[PDB]
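Written out below as structure tokens is the structure these notes cover.
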Amino acid sequence: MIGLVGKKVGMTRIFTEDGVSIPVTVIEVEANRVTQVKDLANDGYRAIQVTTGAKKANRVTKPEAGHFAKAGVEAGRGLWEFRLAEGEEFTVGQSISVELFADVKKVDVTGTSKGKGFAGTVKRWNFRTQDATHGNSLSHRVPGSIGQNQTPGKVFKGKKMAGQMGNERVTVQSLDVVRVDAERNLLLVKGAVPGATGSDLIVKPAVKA
Amino acid sequence: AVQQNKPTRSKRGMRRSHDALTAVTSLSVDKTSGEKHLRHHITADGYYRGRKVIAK
Amino acid sequence: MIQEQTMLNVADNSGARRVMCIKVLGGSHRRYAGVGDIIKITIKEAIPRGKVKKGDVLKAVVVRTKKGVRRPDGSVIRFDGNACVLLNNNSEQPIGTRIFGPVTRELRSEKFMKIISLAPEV
Amino acid sequence: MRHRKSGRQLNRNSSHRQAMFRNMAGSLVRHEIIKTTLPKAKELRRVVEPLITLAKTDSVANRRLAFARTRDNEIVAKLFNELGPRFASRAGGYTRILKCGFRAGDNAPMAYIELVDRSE
Amino acid sequence: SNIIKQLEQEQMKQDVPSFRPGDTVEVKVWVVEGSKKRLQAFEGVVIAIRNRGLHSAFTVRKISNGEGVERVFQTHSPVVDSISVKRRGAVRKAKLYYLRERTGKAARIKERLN
RNA sequence: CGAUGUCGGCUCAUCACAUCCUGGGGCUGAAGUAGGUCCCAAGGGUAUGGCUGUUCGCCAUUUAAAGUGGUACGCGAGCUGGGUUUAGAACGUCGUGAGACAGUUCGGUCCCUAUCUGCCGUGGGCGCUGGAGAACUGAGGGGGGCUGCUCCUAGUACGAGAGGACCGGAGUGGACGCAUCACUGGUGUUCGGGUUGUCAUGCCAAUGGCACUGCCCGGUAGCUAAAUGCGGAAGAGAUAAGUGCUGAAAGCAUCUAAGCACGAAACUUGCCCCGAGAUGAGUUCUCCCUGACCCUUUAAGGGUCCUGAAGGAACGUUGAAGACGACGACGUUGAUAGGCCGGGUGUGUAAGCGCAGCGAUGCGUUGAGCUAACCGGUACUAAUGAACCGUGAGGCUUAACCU
RNA sequence: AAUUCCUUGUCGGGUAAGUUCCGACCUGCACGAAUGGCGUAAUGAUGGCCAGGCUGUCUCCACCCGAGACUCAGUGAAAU
RNA sequence: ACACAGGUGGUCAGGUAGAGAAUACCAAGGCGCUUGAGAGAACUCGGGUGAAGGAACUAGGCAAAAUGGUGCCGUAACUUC
RNA sequence: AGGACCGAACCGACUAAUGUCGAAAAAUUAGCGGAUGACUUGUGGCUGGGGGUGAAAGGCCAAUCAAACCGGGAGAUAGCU
């Protein structure tokens, strides 16, 4: 089916009355509201468009302010889309709540990760560090040899090297949900989800079973 | 760790393409003295947002 | 977090005094062994009578560790000496009569029911 | 990799930063306005304003403590009698920065930082 | 973040008999014996408090058979039954990690009648 | 030969398959179990120490296995220098002697700021044909693909027993991988305290400076791994080796020639990420501009003034975003930053005084005082009005339709 | 054996495992008596091996403080 | 070769602490080293701390860590005593 | 008493790192050795090229040494480039 846009509030624990203290993640999903329903007649596919949150009216722009005033929904931060599964007919303006997770067991969180900046080859790819002494001369963390010789004569494409780590969209699937509270519009999922406390993230039900 | 062939006037000139300098494009005028200062800077005379705050 | 060359204190009246781990079992490239695990050891110190000689290679199981176990609540039991018992190399069924000091409850693996029984505490 | 860190290293080690800010705070208290680099002036703003908060109470201890910082009695005497109790209605910003031009020697972003009264 | 604090004050236990480091305190917990359920007692000296709300915990050092045993205890857990302070202890610090090396009678600490 | 640095080690690989394990089969001197042999298969995986400079080997102990090879016996503008490879010295030894011996021992300088290709990242310009902000499509490409063990089936089949399954299911692991800071831990020269010497603040007290943070014990946030979650699949498609059904040529027979059915980690999707520079430059939504005027070798012509929107850009406060560009938040109609305000945390009973004591110092005020990046609140300071850039309804043909 | 080619000889000791170390055995390729033989207290930045202690040597790196690297302003080489 | 982390003989040599002309903080006196300003990436140089383990590293404990004082007590083989 | 001991000035140069178009045509940092003696150092002399001196490495003799450096034989010779 479809998933739901939310925001990470941080991680907490939950003690159960038998023992175990599961680590949960706090996700404040708002009332997600549909602004555009796409269908295969004049769009080539069927999907839905969803905004959430709230937006400064002096910080919403005239090409985008009209995009909500044609939907008749209230301007939220950012737009997202979801591929429908051929049995889920919605309409433009139906505010989808957190009641769809009334019987979902493992949701698949997709969000962005915390940026490491320019990483080194030891952090980014777990290259083992060379010897710190026995004469090793200004080489204590270098990536070492990168190729072979004259016969391949070049650097193979796809070589793990230094560069950017983090700041990437990442999916984690099969994370068990433990609370679907609807008065506070909260969601408590096992384990850790992609980082940056306060950043948006897309929850989706499990493809894998 | 050295060049093997002398590069040209083109490869010299094309590397210099982004090494040109920008422009200020706008000089904000102040209320009182009417002087052209930088945006968010005090004037060379001393005023800022129409006030001799510095008493220079 | 017991590993190669780790000196351990024996935890039964078998004749050992001080044993060194030489191999952790159960998996290729395997690093540290915790409390549930079986390691191959040697004998670096012995009791004169004993049941073992100095320089015997045989199997052991860590019963106490300085790194400590973690309960289902997150409560960690940290000891002060990395201790273990001896096992008869083939079909283990431990070598010994008594157990000294406290063992932890993660030795309930149904083949260490003897080590549960002979231990005084926990 | 500097997430959520505060403070500036300012190309000075730990003594020199602490000693300069102990030092530079004195002149701003003494002369009511100083002209520094803008990156210095923003981190000077994090030091003097706790001291003016100390001068919002004229205790025996707060003399000793605001003497323990900045080490100078005349700087303490400028507070607690003149600069301190005059500022004790506007809890909050006590110093105002203003951007000025670039230093002729090495092109540095000069700025003033000054107390919000400077009245005469 | 009120949202976490909403979810944190709904869960902390309320009894919580307050003490200090240095104290000798007997903690009783729940040994789940499969489908049977008994209760034991862990009694020793608190080395440290890790006081942060619901996430708070505390250590306890028991000497037994020449093997110093340091268990920590997440206080707001429903396996940690009760806390009974036995000996109020006088310590000039909030951590007591020198108890891992001082042994015997030169490890025991003072009384706190006050 | 106007120089291609020559063994092994380390770091990093990557291809072949003549396959070591895992997968699929046929044969067996294949009862089961465990094996032998051959065929198919390269997706993933494929030890640690001892001795030696060694590759190698030997031994110890694991492992599902401890694969053969190619890559300048891969790898020194990446490291090492132990070996071989200068001068010194010595033993054996050969020579009258200088000295000599891939015979022995001891010792013995390893340079390069990367223009070009290449690769890892990250942007600027132009394009995409009215200008603009978003949201997608998916051609194309990359990543991942490992398995042990116990248990159920089942002491069942099998077998004299001894022993001990097939096929399917459950669970707990070892390695690797992605993410994460709740937990447990490390760090935490921006927090608090203890303290040695010396100096200084006129003196006491109380403080500070220097001594690697002077030495120390703690320790917020952030950042981490040993901490904790999560993965590898199922399924579907077409096949390999193989197995077959029907079935002639060849009245029989026969897996193939027609036709038809299954068949493996390899193949194609399914999982994840990049992605319309995919110049084949894609689709939907939406928003914005509808002024006259001269001239010309009159052409998608050029120029003059009146206008300059959507927006962007620039500047400022700035960030779990960052080498710099970039990316996000915010600019008074404001909570973006600092200060502040109450709290949390951490340190652990400040000072001043009073009391006790010859004194050090102990008590009571007092779990005080001080608290960094944290949490919730507050316009007190700072984010100025403006200006800049971007225009004025957007080519020709034909079709299909309204006129 | 600083000497032994065969050779990692053989035995013993040390190690879970020892081509090096210690003790022996003589089968001294090709020791040997002032180009000295054999011992030997003390000595040595002397070679070889072992044991306690200590530890980021390492398992396997993490964080931190600073001086560069990066940004701007100034000056401004070089081998090829 | 330079306003070059180099070399250069003799003389005087204060307070605290200490055996001291060591060292540490100061005196007298002299200096802040003739480029700066930010940022807080990789990797390099100099350092700090480290869970569990403790030489497994490695040609080799190279480097590092560790020991460090005074007073009394006690001290092996061997020996040229 | 001692070519005696630990240890600064002083003299030396074992190991590591850095540095290797250097701060420097042999240094810096950290540690290491002698340290009343065959000690070290100033001043001046003396020993000249197949010669010196050499606790001896084929070392040193003005950043040069299996025969210095300067001029001269001299445009040596060059079956080689």
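Treating r as the C-beta distance of E:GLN14 and A:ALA182 and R0 as 30 Å, the FRET efficiency rounds to 0.65.
Between A:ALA31 and A:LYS55, the contour length at 0.36 nm per residue exceeds the Cα-Cα span by 7.3 nm.
The per residue volume of the convex hull around the alpha-carbon atoms of the protein assembly as shown is 350 Å³. Using C-alpha pairs below 8 Å separated by at least 6 residues, the relative contact order for chain A is 31 percent.
Can you put D:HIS16, A:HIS67 in order of Cβ neighbours within 10 angstrom, beginning with the fewest? If you can, show how the numbers build up before the last one.
On the way: D:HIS16 12, A:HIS67 18.
Starting with the residue having the fewest Cβ neighbours, the order is D:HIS16, A:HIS67.
Taking amide H as placed 1.01 Å from N in the peptide plane, E:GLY89 has its amide H under 5 Å from the amide H of E:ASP23, E:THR24, each at least 5 places away in sequence or on another chain.
Using bins of 10 Å that start at zero, the share of Cα-Cα pairs per bin across chain B amounts to 21, 26, 13, 13, 15, 11, 1, in whole %. By the compact-protein rule of thumb, 2.2 N^0.38 Å, the alpha-carbon radius of gyration of region A:49-149 corresponds to a ratio of 1.98. Using the Karplus relation 6.51 cos²θ - 1.76 cosθ + 1.60 with θ = phi - 60°, the per-residue 3J(HN,Hα) values for region A:107-112 come to 9, 10, 7, 10, x, 8 Hz, with x marking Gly and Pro. If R0 equals 25 Å, the separation of the Cβ atoms of D:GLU82 and D:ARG22 corresponds to a calculated FRET efficiency of about 0.75. For peptide A:10-16, the mean count of partner chain Cβ atoms within 10 Å of a residue's Cβ comes to 6.
Can you give the local net charge around E:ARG38? Use residues other than it whose beta-carbon is closer than 13 angstrom to its beta-carbon, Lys and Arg +1, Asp and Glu -1.
Numbers: positive: C:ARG105, E:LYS28, E:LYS36, E:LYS37; negative: E:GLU33, E:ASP81.
Residues near E:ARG38 contribute +2 overall.
Axis angle, to the nearest 10 degrees, between helix D:14-31 and the longest C-alpha principal axis of chain D: 60 degrees.
In region A:1-117, Cα pairs under 8 Å separated by at least six residues give a relative contact order of 27 percent.
For chain E, the relative contact order works out to 27 percent when only alpha carbon pairs closer than 8 Å and six or more residues apart are counted.
For A:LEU4, the residues whose amide H sits under 5 Å from its own are A:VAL203, A:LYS204, ignoring neighbours fewer than 5 places away on the same chain, with H placed 1.01 Å from N.
Where nothing but the Cβ of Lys and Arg (+1) and of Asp and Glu (-1) is charged, how large is the charge dipole of chain A around its Cα centre, in debye to the nearest 20? Spell out each step's value before the answer.
Details: 31 positive and 21 negative charges, 271 e Å.
For chain A, the charge dipole is close to 1300 debye.
Computed from the Cβ-Cβ distance with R0 of 30 Å, the FRET efficiency linking A:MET1 to A:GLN164 stands at 0.30. Under a 5 Å amide H cut-off, with hydrogens placed 1.01 Å from N, A:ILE14 pairs with A:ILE22, A:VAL24 among residues at least 5 apart or on other chains. Across region C:110-116, rounded Karplus estimates of 3J(HN,Hα) from the backbone phi angles (6.51 cos²θ - 1.76 cosθ + 1.60, θ = phi - 60°) give 6, 10, 9, 5, 5, 6, 5 Hz, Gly and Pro being marked x. Taking all Cα-Cα distances within chain D, those exceeding 22 Å account for 37%.
Throughout, read-outs are computed from the coordinates displayed, never taken from laboratory work. Heads up, the Cβs are rebuilt from the backbone with ideal geometry, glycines too, and the neighbour counts pull from every protein chain shown.
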